[PDB]
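Novice: so I've got this experimental structure, pasted below with the sequence.
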Amino acid sequence: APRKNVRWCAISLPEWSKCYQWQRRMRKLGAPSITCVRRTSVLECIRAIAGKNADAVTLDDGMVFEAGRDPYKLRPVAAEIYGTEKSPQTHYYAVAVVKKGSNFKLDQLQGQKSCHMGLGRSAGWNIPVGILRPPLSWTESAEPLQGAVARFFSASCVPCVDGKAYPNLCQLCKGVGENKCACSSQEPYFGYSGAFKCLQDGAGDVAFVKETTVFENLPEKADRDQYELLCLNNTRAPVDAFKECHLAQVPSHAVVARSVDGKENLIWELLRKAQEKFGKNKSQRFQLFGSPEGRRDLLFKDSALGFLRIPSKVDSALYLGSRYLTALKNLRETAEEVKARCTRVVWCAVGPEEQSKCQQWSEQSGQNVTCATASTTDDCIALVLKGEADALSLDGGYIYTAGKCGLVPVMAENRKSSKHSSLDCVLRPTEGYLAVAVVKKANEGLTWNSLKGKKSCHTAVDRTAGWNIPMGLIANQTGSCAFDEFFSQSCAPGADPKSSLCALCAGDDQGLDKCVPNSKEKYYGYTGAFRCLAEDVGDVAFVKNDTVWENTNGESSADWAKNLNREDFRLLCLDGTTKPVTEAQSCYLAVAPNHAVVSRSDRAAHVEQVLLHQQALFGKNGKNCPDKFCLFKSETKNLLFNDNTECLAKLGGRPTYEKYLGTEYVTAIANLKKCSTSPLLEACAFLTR
Ligand SMILES: [Fe+3]
Ligand SMILES: [Fe+3]
């Protein structure tokens with residue numbers, strides 16, 4: 001096959017020649033015979049994957065955030081692993097390993113020389129120039145960074161910058177002539193083994209390299225002495241204090257095979273095979289991560305244990321982290337332009353419908369709330385992650401596919417209520433909705449008892465009343481997981497399309513988008529999947545008490561949700577009984593909490609304080625709600641908020657995903673999801689490491 005060989009990209013001759021010390025020992029041992037490719041600059045290979053002639057490549061992350069913009073398009077396939085055995089650390093650090101004697105501290109890296117591994121590399125630019133950034137007093141509205149990081153350092157050696165426009169910034173560089181301060185190890189001072197070396201002699205001062213690079217060049221312990229570091233708090237510690245002198249935690253280096261078509265699992269297959277065979281501490285007249293004396297870290301960083309496998313939904317922007325997605329962004333983002341996005345929020349509006357209502361409020365705020373518009377909501381809770389959306393209002397199930405993803409509860413869409421009418425709506429706590437299974441009184445041969453083989457209807461796919469409680473109740477008696485079987489043919493807007501689950505949807509009006517977790521899916525939502533039984537598509541349509549109530553008896557608009565008589569529909573109860581849409585009080589499969597908004601616990605605290613504002617202008621008591629604009633109203637379709645909800649209650653405390661849902665109910669999602677594995681839950685509990 002024109003694909004049964006991995007073309008690795010080599011940037012040297014000795015990394016290209018380790019690659020041949022490697023091409024021999026492999027297919028002999030048995031595996032996709034490795035092709036080794038000739039190249040140079042860091043991108044002449046991030047590009048040669050993007051052009052299809054060089055099929056793999058191992059990078060630092062400050063550079064993998066780069067090989068993953070939209071010009072090229074490469075996802076990292078294998079995270080590189082660090083440390084020693086009882087402790088293999090899959091991420092890394094970024095300190096400033098200085099010589100016992102230079103008395104400056106980090107707040108004093110002003111004017112002195114320097115020593116970066118590289119330009120673009122995390123530990124030595126994505127990490128440390130925003131750590132210092134404040135006195136750079138670099139102007140963007142005039143000059144650039146690599147420009148006012150020249151005014152700061154009287155003399156430094158960051159490789160890859162232009163030797164022509166940044167002289168001061170290619171001065172303490174020891175490379176061969178045209179190879180001087182160039183984007184490769186051709187600059188003897190390029191890397192933790194070029195920037196460390198940048199100081200061990202005295203030429204270059206602070207050396208911004210990881211935590212253990214001193215270690216590698218300086219074997220002797222009576223040698224790790226002459227280097228009091230520099231910490232965040234303006235101090236100094238030994239090369240073994242790497243830990244408290246960190247500046248931040250960054251994922252390690254990764255490997256970059258194209259977004260789609262770079263043969264991602266041949267690339268890894270060579271590595272089923274590398275980590276073991278020539279693993280660290282096994283077969284050696286060729287280690288996998290090592291170049292001979294006088295060359296450092298060719299192919300894979302010297303001394304590193306190896307590679308990891310990254311779960312395809314996690315690519316470029318995604319692996320570097322959010323704590324570090326604050327490094328790579330910060331700088332290319334002006335100083336007045338970084339607050340433009342901190343006194344701002346972004347409403348992940350799922351669709352072209354949930355998106356247009358946003359854009360009436362993107363400016364009805366005066367532009368304080370903008371959009372992050374995906375078309376799933378498993379795509380969108382992911383976007384809450386990537387420094388791309390503050391939050392959004394998810395409904396239970398989704399607070400659990402965004403509860404293993406790190407999202408912890410802010411405000412709750414406490415709708416309007418009567419009990420405890422007493423308080424204030426914010427200060428009035430969650431008196432939720434009672435999940436239900438309504439049918440037509442026409443359906444006399446149906447009571448929960450008789451449900452197997454009849455048709456179904458389920459709001460969206462994971463959620464409460466339209467799934468969790470239903471498919472998580474149709475499993476507690478039953479025994480068997482496979483939810484699609486209990487019911488004849490159903491409409492499940494969000495799951496396997498060609499199944500008996502979407503085997504009953506409608507999509508838009510043209511017929512398209514049959515079965516979709518975005519409202520265009522006609523039979524999607526509490527009101528969409530209430531149409532499901534309300535247009536005889538199904539025998540049942542799992543709902544919220546209030547959906548049989550607010551789309552009949554003269555309440556919608558709607559030519560469907562109008563002529564209906566609510567008292568035409570019975571509420572399938574739990575003891576093989578049946579009560580009107582009325583008696584949904586003793587009857588409901590189960591009571592549940594309203595839908596709260598979800599953003600990362602660093603983005604929590606502000607989306608509280610903006611929404612604790614817009615639920616109060618265009619809030620139901622909004623000065624600007626029935627007249628200027630009502631942030632909750634939306635013609636019986638419900639775009640973003642419960643057409644029902646009154647306010648956005650205060651939840652109090654800091655209730656994790658778990659403690660928000662109810663606990664009993666939480667032990668229900670986990671045990672249910674033991675049956676269908678979502679990919680957003682795959683690479684979300686991979687982001688903690
Ligand atoms: Fe690095
Ligand atoms: Fe819900």
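Specialist: That came through, no problem. Residues are numbered from 1 along each chain as shown. Ligands and ions are numbered 1, 2, ... in the order given.

Novice: quick check: the residue of the chain found nearest ligand 1 vs ligand 2, distance?
Specialist: Going by Cβ to the ion, ligand 1 is nearest to residue 60 of the chain, at 3.3 Å. Where C-beta positions appear, they are placed from N, C-alpha and C, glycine not excepted. The spacing between residue 60 and ligand 2, counted by Cβ to the ion, to the nearest Å, is 43 Å.

Novice: also residue 107?
Specialist: Per Cβ to the ion, residue 107 is found 50 Å from ligand 2.

Novice: now do that residue: how many residues are near it, please.
Specialist: Neighbours of residue 107 under the rule other Cβ atoms under 10 Å: 12.

Novice: so the nearest residue to it once chain neighbours are set aside: helix, strand or coil?
Specialist: Leaving aside its sequence neighbours, residue 107 sits nearest to residue 234 (Cβ to Cβ, 6 or more residues apart in numbering; 5.0 Å). Secondary structure, DSSP: H, G, I helix; E, B strand; the rest coil: residue 234 is coil.

Novice: rewinding a little: is it true that the residue of the chain closest to ligand 1 touches residue 119?
Specialist: No: here residue 60 lies out of contact with residue 119, judged by Cβ atoms under 8 Å, at a distance of 11.0 Å.

Novice: what about these two, which has more around it?
Specialist: Remark: of residue 60 and residue 119, residue 60 carries more neighbours, 28 against 22, as counted by other Cβ under 10 Å.

Novice: how about the residues of the protein that lie near ligand 2?
Specialist: The chain comes close to ligand 2 at residues 395-396, 464, as judged by Cβ under 5 Å from the ion.

Novice: quickly list what the closest residue to ligand 2 within the stretch 51-200 of the chain is bridged to.
Specialist: Residue nearest to ligand 2 within the stretch 51-200 of the chain: residue 75 (33.2 Å; Cβ to the ion). Per DSSP bridges, the residues bridged to residue 75 are residue 257.

Novice: OK, contacts around it?
Specialist: Contact analysis of residue 75 by Cβ atoms under 8 Å, 6 or more residues apart in numbering lists 68, 256-259, 264, 310, 312, 314-316.

Novice: which parts of stretch 362-373 are buried?
Specialist: If you call a residue buried by 16 or more other Cβ atoms under 10 Å, then stretch 362-373 has these buried ones: 362, 364-365, 369-373.

Novice: whoops, I mixed them up, stretch 16-33
Specialist: Within stretch 16-33, the residues that count as buried by 16+ other Cβ under 10 Å are 16-19, 21-23, 25-26, 31-32.

Novice: all helices of the stretch 51-200 of the chain, in order?
Specialist: Secondary structure of the stretch 51-200 of the chain, counting by DSSP state H, counting those that start in this stretch: helices at 61-64, 133-136, 197-200.

Novice: and the gap between residue 373 and residue 277?
Specialist: According to Cβ to Cβ, to the nearest Å, residue 373 stands 47 Å off from residue 277.

Novice: my bad, should have said residue 517
Specialist: Where residue 277 is concerned, residue 517 sits at a distance of 44 Å (Cβ to Cβ).

Novice: please apply the same query to residue 383.
Specialist: Applying Cβ to Cβ to residue 383 and residue 277 gives a distance of 40 Å.

Novice: ok, which residues in the stretch 101-250 of the chain are in contact with ligand 1?
Specialist: Residues of the stretch 101-250 of the chain that fall close to ligand 1, judged by Cβ under 5 Å from the ion: 122-123.

Novice: for ligand 2, what's its nearest residue on the stretch 301-450 of the chain.
Specialist: Going by Cβ to the ion, ligand 2 is nearest to residue 395 of the stretch 301-450 of the chain, at 3.3 Å.

Novice: need the contact list for that residue.
Specialist: Residue 395 neighbours (Cβ under 8 Å, 6+ apart): 460, 463-464, 595.

Novice: helix, strand or coil: sort out the residue lying farthest from the centre of the chain for me.
Specialist: Here the centre of the chain is the reference, and by Cα atoms, centre = their mean the most remote residue is residue 444, at 48.0 Å. Here residue 444 is coil, with the state taken from three-state DSSP.

Novice: one step back: the buried residues of stretch 362-373 in helices, which ones?
Specialist: In helices, defined here by DSSP state H, there are no members of these.

Novice: in this structure residue 556 contacts residue 562, no?
Specialist: Yes: with contact defined as Cβ under 8 Å, residue 556 reaches residue 562; the gap is 5.7 Å.

Novice: in stretch 659-678, what counts as buried?
Specialist: For stretch 659-678, by 16+ other Cβ under 10 Å, it's 660-662, 665-666, 668-669, 672-673, 678.

Novice: how far off centre is it?
Specialist: Remark: stretch 659-678 is offset 21 Å from the chain centroid, using Cα atoms, centre = their mean, to the nearest Å.

Novice: endpoints of it, how far apart?
Specialist: 22 Å (Cα to Cα, to the nearest Å).

Novice: what does stretch 448-463 give?
Specialist: 20 Å.

Novice: what do you get for stretch 6-14?
Specialist: Terminal residues of stretch 6-14 are spaced 19 Å apart (Cα to Cα).

Novice: now do the strands in the stretch 501-650 of the chain.
Specialist: 543-544, 569-571, 590-592, 649-650 (DSSP state E, counting those that start in this stretch).

Novice: tell me which of the ones you listed is the most buried.
Specialist: Mean neighbours per residue, mean count of other Cβ atoms under 10 Å, is largest over those for strand 543-544, with a mean of 32.
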